[PDB]
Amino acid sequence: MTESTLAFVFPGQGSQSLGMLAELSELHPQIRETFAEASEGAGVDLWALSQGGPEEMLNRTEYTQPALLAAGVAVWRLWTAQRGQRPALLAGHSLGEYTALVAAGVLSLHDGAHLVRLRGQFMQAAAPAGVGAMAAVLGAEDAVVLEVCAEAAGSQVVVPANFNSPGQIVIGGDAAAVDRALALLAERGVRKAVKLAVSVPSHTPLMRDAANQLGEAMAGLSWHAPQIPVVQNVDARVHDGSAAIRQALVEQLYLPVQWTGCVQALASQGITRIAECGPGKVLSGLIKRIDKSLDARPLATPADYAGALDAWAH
């Protein structure tokens, strides 16, 4: 039935690549069928975009989001059809939380794809290119980064946007303020700090109004009871009922992703095995840093998929 030790996690912005899932698609016709279904909701051919580009559009968040949602749901449908063990819990990183809700049966794939295209649009409009920035800070203490953000802000916004693992925090906000934070980190000795290519300062106060727009978009859709609980990013908790799940998604947009917290919450609930259900191996890398005992495996490629399917055989 359900495997009590297994969770699935779904990747978000940053995990996309040209040709993602190409090799799995060659083996499994369901993959392109899932993209076609998602594409109807999104208003764009997500398979064509993800395989052929243009990469510039694929990397623009209003497109990346439905593309990655389609990708995670495609791998989910493959695993579930091929008799992989059913996970007892789900989570996902930012966009990935929506992928999790589709996997849980809360939203249809059509609606999920439509919703995250809108989510990306609202986010992009909140911070037109040039306005926002994000930066990863590696190997520092959380406290150092948090005090630096407060000191750098001035009249602008710079805040922790992702708690990704011990020694990985992403900060975000106004471009000038992120740059000031980077300067202060540099004068404090913290060198491993790289500005990300993303133009959108997700999970910062600059998304507050976009979050309200998101809330209105969500309320026009049909929400179903989850078949598998979803540990949500805003507070690393499962939320009960439509109103609470949606409120946690609204809050998610302008508050930090508690990725460390979500993984710790999974582990505290008896999870020992985690599949990364979608492209890349980013979450698997974070998980290995958060809790070295967890068996974290990507499913993005034929060999990794087959390896997981075999090692966790039911």
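Sequential numbering from 1, following the sequence displayed.
Looking at 139 to 147 and 157 to 165 together, the entry lists the larger mean B-factor for 139 to 147, computed on C-alpha atoms. Legend: mean Cα B-factor per stretch from the PDB entry, 210 to 218 versus 98 to 106; the higher mean is in 210 to 218. Across the options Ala74, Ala126, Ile228, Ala175, the residue with the most elevated CA B-factor in the record is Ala126. For the set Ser199, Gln232, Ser202, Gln121, the maximum C-alpha B-factor listed in the entry falls on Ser199. In the PDB entry, a CA B factor belonging to the highest third of its chain's modelled residues is recorded for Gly43. Per the PDB record, residue ranking by Cα B-factor puts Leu182 in the highest third of the chain. Among the modelled residues of its chain, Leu294 has a C-alpha B-factor that falls in the highest third, as given in the PDB entry. Residue-level temperature factors show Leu90 in the lowest third of its chain, judged at the C-alpha atom. Split the chain's modelled residues into thirds by C-alpha temperature factor. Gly278 is in the lowest one.
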